[PDB]
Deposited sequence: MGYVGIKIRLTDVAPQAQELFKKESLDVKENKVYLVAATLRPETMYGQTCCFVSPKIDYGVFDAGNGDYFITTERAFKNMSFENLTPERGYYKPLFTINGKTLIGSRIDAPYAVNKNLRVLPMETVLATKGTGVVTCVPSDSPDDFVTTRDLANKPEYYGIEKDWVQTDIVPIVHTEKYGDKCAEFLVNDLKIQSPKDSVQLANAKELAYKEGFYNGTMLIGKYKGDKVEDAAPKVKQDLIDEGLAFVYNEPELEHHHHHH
């Protein structure tokens, strides 16, 4: 299914502090992670934030050994099966997390934050979405929408990094395939679901089968060869795990 990426919450947004303190959860001693599903572990170098949804109430679940996972009930269920209902420690709306600072595995970009995405599926994945605007058309379009409507989304405009670091070279779409595809397909909105599904498949196929890594341990290797190795490295290093639905 997916790789679940453990994105560490390092500094919680002010609006969330009372909550975390009320529940005796300290993000500096305890390891509290947002668990974001991805199909493309090799793109984790290019994370520029992570996305949660204000439309979702997340559970905070005790995963064991000092680790806590922030995700939907449904996804936590699926992780544990690998009870029928798992009670969280507490629940938290995505809006409450916005602006929190995070450490995302392998990301070269610094000072990452939790940002909103209005199209994140609750019924698919974990409710938390990795953000790699160089290579994910959805991510590129949401990033552009955030920068254009910061008041709507409840963010600082300068939280959106619009200066993208290339991580995969393709001959067909350049070094930032998502930018190329979104401009060339004239995709206007995060809500353009069918168009974005098409762009995503194009990006994934060209990137995976014809891409070359520009960064990390496997720099210069084909994505096709690198990606399972990046996956295994993340898993061995405790930064990720496999998530099936």
query	finding
Segments lacking C-alpha coordinates (deposited sequence numbering, starting at 1)	1, 84-88, 252-261
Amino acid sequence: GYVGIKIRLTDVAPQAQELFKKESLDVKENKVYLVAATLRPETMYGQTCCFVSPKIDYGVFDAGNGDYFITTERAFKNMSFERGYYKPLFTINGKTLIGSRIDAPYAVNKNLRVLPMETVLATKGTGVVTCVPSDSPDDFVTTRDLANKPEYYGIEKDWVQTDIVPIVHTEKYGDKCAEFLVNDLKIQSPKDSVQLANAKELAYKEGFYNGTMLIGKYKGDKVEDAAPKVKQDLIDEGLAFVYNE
From here on, numbers count along this sequence of modelled residues.
item: Residue range whose averaged C-alpha B-factor is higher in the record, 39-47 or 177-185; value: 177-185
item: Higher-scoring stretch by recorded Cα B factor average, 112-120 or 131-139; value: 112-120
item: From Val168, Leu97, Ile164, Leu146, residue of greatest CA B-factor; value: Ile164
item: Deposited CA B-factor, highest of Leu19, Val230, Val223, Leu9; value: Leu19
item: Chain thirds of CA B-factor: placement of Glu73; value: middle
item: Relative C-alpha B-factor of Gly1, binned into the chain's lowest, middle or highest third; value: highest
item: Lowest, middle or highest third - CA B-factor, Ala104; value: lowest
item: CA B-factor ranking of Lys217, expressed as a third of its chain; value: lowest
item: Third of chain Cα B-factors occupied by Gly66; value: highest
